[PDB]
Amino acid sequence: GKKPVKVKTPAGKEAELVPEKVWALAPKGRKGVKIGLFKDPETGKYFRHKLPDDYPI
Amino acid sequence: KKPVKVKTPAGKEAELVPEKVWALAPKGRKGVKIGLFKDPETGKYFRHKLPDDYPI
DNA sequence: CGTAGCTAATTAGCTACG
DNA sequence: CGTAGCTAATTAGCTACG
């Protein structure tokens with residue numbers, strides 16, 4: 001079970017979505033941010049967003 | 001559009017035209033003029049100092 | 001201090017083409 | 001039709017000098 005993330009949707013509302021896919025966006029040598037792929041349940045569209053630094057990848 | 005004599009990160013010397021130029025200066029100081037270059041050898045970008053007379 | 005935008009990975013959502 | 005190729009969008013640290 002992948003943990004849900006609290007995100008402000010592109011629509012505007014807040015929601016506890018669970019990422020379709022998770023990966024680390026980082027230039028070599030150092031860690032960067034964690035990016036999750038989300039699907040807006042409302043409009044059906046996709047959007048990316050930063051994840052908490054301690055989110056399990 | 002004027003070429004600038006820069007030392008590439010690759011190590012070689014080249015006469016390159018900067019894609020983007022601007023002034024990197026704090027308040028009250030002159031600072032420097034910075035150019036955005038692209039190493040033709042590797043395709044890698046790098047910043048470098050431009051002459052103080054360069055058109056910004 | 002000060003500006004500017006590349007860099008990394010990922011894929012949906014296009015367009016393009018054979 | 002099927003497939004291949006390009007971009008938008010997502011972060012923050014990095015680097016250039018004086």
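Just so we're on the same page: letters track the sequence lines, and every chain starts at 1. We use all heavy atoms of the structure for the numbers below, so side chains are in, but hydrogens, waters and symmetry mates are not.
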**Report entry** Counterpart base for C:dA16, defined by Watson-Crick or G-U wobble contacts under 3.5 Å
**Finding:** D:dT3

Query raised in the report: Whole-Å distance between D:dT10 P and A:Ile57 CD1?
Result: 19 Å

**Report entry** Adjacent-base stacking, C:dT10/C:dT11, criteria 5.5 angstrom and 30 degrees
**Finding:** yes

Requested in this report: Write down the atom of B:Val4, the atom of B:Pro51, and the distance for their closest heavy-atom approach.
Outcome: CG1-CD, 4.1 Å

Query - Rounded interatomic separation in angstrom, taking CG from A:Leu51 and P from C:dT10 - result: 14 Å

**Report entry** For C:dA8, the Watson-Crick or wobble partner whose two distances fall under 3.5 Å
**Finding:** D:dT11

Query raised in the report: Does NZ in A:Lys2 sit with more than 12 non-hydrogen atoms of other residues, nucleotides or ligands closer than 6.0 Å?
Result: yes

Query raised in the report: If we call a positive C1'-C2'-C3'-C4' torsion north and a negative one south, what is the sugar of C:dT11?
Result: south

Query raised in the report: Does B:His48 put a side-chain nitrogen or oxygen below 4.0 Å from OP1 or OP2 of D:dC17?
Result: yes

Report summary line: Taking every heavy atom of A:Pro10 against every heavy atom of A:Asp40, the minimum-distance pair comes out as CD-OD2, 3.8 Å

Query raised in the report: A:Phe47 has an atom CZ; how far is it from atom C1' of D:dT11, in whole Å?
Result: 16 Å

Query raised in the report: Looking at the strand neighbours D:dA8 and D:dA9, are the centres of their six-membered rings under 5.5 angstrom apart while the planes meet at under 30 degrees?
Result: yes

Query raised in the report: What is the distance from NZ of B:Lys33 to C1' of C:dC1, rounded to the nearest Å?
Result: 19 Å

Report summary line: Reading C1'-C2'-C3'-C4' for C:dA8 with positive as north and negative as south, the pucker comes back north

Report task. For residues A:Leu17 and A:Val7, report the shortest heavy-atom separation together with the two atoms involved. Result -> CD1-CG2, 3.8 Å

**Report entry** For C:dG2, pucker side given by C1'-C2'-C3'-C4' sign
**Finding:** north

Query - Spacing between B:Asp52 atom CG and D:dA16 atom P, to the nearest angstrom - result: 18 Å

Requested in this report: Spell out, yes or no, whether B:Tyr45 and B:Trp22 are grouped together once hydrophobic residues are joined by side-chain heavy atoms under 4.5 Å, including indirect joins.
Outcome: yes

Requested in this report: Take nucleotides 3-9 of chain C nucleotide by nucleotide from the 5' end and write B, S or -, depending on whether a protein heavy atom sits under 4.0 Å from the base, only from the sugar-phosphate, or from neither.
Outcome: BBBSBBB

Query - Pair B:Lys33, B:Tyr54: side-chain N/O donor-acceptor within cut-off below 3.5 Å - result: no

**Report entry** Atom-pair distance (OH on A:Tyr55; P on C:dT10), nearest Å
**Finding:** 16 Å

Query raised in the report: In this structure, are over 12 heavy atoms from other groups packed under 6.0 Å from A:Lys31 atom NZ?
Result: yes

